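Heads up, my_file-v4.cif below (mmCIF, C-alpha atoms):
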data_run
loop_
_atom_site.group_PDB
_atom_site.id
_atom_site.type_symbol
_atom_site.label_atom_id
_atom_site.label_comp_id
_atom_site.auth_asym_id
_atom_site.auth_seq_id
_atom_site.Cartn_x
_atom_site.Cartn_y
_atom_site.Cartn_z
ATOM 1 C CA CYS A 1 52.974 31.185 64.815
ATOM 2 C CA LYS A 2 54.324 29.224 61.847
ATOM 3 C CA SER A 3 52.719 29.942 58.475
ATOM 4 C CA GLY A 4 52.986 26.294 57.482
ATOM 5 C CA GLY A 5 55.827 24.273 56.011
ATOM 6 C CA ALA A 6 58.032 25.930 58.619
ATOM 7 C CA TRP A 7 60.677 24.310 60.820
ATOM 8 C CA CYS A 8 59.756 23.917 64.489
ATOM 9 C CA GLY A 9 61.087 20.800 66.190
ATOM 10 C CA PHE A 10 61.012 21.971 69.801
ATOM 11 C CA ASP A 11 57.389 22.954 69.185
ATOM 12 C CA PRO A 12 55.736 19.932 67.519
ATOM 13 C CA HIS A 13 52.381 21.596 68.186
ATOM 14 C CA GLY A 14 53.304 25.226 67.589
ATOM 15 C CA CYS A 15 51.435 26.286 64.460
ATOM 16 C CA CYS A 16 48.978 29.048 63.561
ATOM 17 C CA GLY A 17 46.484 26.693 61.945
ATOM 18 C CA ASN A 18 45.647 23.050 62.608
ATOM 19 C CA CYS A 19 49.054 21.862 61.403
ATOM 20 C CA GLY A 20 51.678 19.810 63.216
ATOM 21 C CA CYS A 21 55.387 19.054 62.924
ATOM 22 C CA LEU A 22 54.907 15.415 61.918
ATOM 23 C CA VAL A 23 58.501 15.606 60.686
ATOM 24 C CA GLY A 24 59.567 19.083 61.752
ATOM 25 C CA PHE A 25 57.343 20.957 59.312
ATOM 26 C CA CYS A 26 53.884 22.338 60.086
ATOM 27 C CA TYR A 27 51.488 20.145 58.110
ATOM 28 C CA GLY A 28 47.725 20.320 58.539
ATOM 29 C CA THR A 29 44.634 21.712 56.830
ATOM 30 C CA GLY A 30 44.330 25.273 58.098
ATOM 31 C CA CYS A 31 47.620 27.153 58.318
#

Show the structure stored in the file as structure tokens.
Amino acid sequence: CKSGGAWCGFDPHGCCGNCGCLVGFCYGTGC
């Protein structure tokens, strides 16, 4: 799982916390 601010792309919903790849980077309020 991404630790935030990590590149994903293929996985727009693949993040440890409640963050998403709104632009390719995990951005939320948990990770």

A straight line from CA of residue 31 (chain A) to CA of residue 10 (chain A) spans 18.4 Å

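Residue neighbourhood of residue 26 (chain A), excluding near-sequence residues (fewer than 5 positions): residues 2, 3, 4, 5, 6, 7, 8, 15, 19, 20 and 21 of chain A, at 8 Å, using only C-alpha atoms.
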
Restricting the output to C-alpha atoms, write the selected residues as a PDB file, keeping the file's coordinate frame.
ATOM      1  CA  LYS A   2      54.324  29.224  61.847  1.00  0.00           C
ATOM      2  CA  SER A   3      52.719  29.942  58.475  1.00  0.00           C
ATOM      3  CA  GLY A   4      52.986  26.294  57.482  1.00  0.00           C
ATOM      4  CA  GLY A   5      55.827  24.273  56.011  1.00  0.00           C
ATOM      5  CA  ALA A   6      58.032  25.930  58.619  1.00  0.00           C
ATOM      6  CA  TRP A   7      60.677  24.310  60.820  1.00  0.00           C
ATOM      7  CA  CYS A   8      59.756  23.917  64.489  1.00  0.00           C
ATOM      8  CA  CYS A  15      51.435  26.286  64.460  1.00  0.00           C
ATOM      9  CA  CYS A  19      49.054  21.862  61.403  1.00  0.00           C
ATOM     10  CA  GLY A  20      51.678  19.810  63.216  1.00  0.00           C
ATOM     11  CA  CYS A  21      55.387  19.054  62.924  1.00  0.00           C
TER      12      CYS A  21
END

Which residues, written as a ChimeraX atom specification, have at least one atom at most 9 Å from residue 9 (chain A), with all atoms listed in the file counted and residues fewer than 6 positions away on the same chain left out? /A:21,23-25

Report the residues retrieved by the PyMOL selection byres ((chain A and resi 29) around 9) from the displayed file, expressed as a PDB file with C-alpha atoms, in the frame of the given file.
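Result written to out06.pdb:
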ATOM      1  CA  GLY A  17      46.484  26.693  61.945  1.00  0.00           C
ATOM      2  CA  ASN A  18      45.647  23.050  62.608  1.00  0.00           C
ATOM      3  CA  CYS A  19      49.054  21.862  61.403  1.00  0.00           C
ATOM      4  CA  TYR A  27      51.488  20.145  58.110  1.00  0.00           C
ATOM      5  CA  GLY A  28      47.725  20.320  58.539  1.00  0.00           C
ATOM      6  CA  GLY A  30      44.330  25.273  58.098  1.00  0.00           C
ATOM      7  CA  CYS A  31      47.620  27.153  58.318  1.00  0.00           C
TER       8      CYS A  31
END

Saved region 16-27 of chain A from the preceding structure, C-alpha atoms, as an mmCIF file, in the first residue's frame:
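Generated file (out08.cif):
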data_model
loop_
_atom_site.group_PDB
_atom_site.id
_atom_site.type_symbol
_atom_site.label_atom_id
_atom_site.label_comp_id
_atom_site.auth_asym_id
_atom_site.auth_seq_id
_atom_site.Cartn_x
_atom_site.Cartn_y
_atom_site.Cartn_z
ATOM 1 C CA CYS A 16 -3.071 2.401 2.628
ATOM 2 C CA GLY A 17 -5.169 5.195 4.102
ATOM 3 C CA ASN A 18 -8.205 7.050 2.777
ATOM 4 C CA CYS A 19 -6.210 8.681 -0.022
ATOM 5 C CA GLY A 20 -6.775 8.574 -3.770
ATOM 6 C CA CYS A 21 -4.810 9.224 -6.953
ATOM 7 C CA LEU A 22 -6.761 12.345 -7.918
ATOM 8 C CA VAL A 23 -3.813 13.105 -10.199
ATOM 9 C CA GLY A 24 -1.631 10.031 -9.798
ATOM 10 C CA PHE A 25 -0.605 10.725 -6.210
ATOM 11 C CA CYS A 26 -2.292 9.301 -3.113
ATOM 12 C CA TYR A 27 -4.046 12.264 -1.501
#
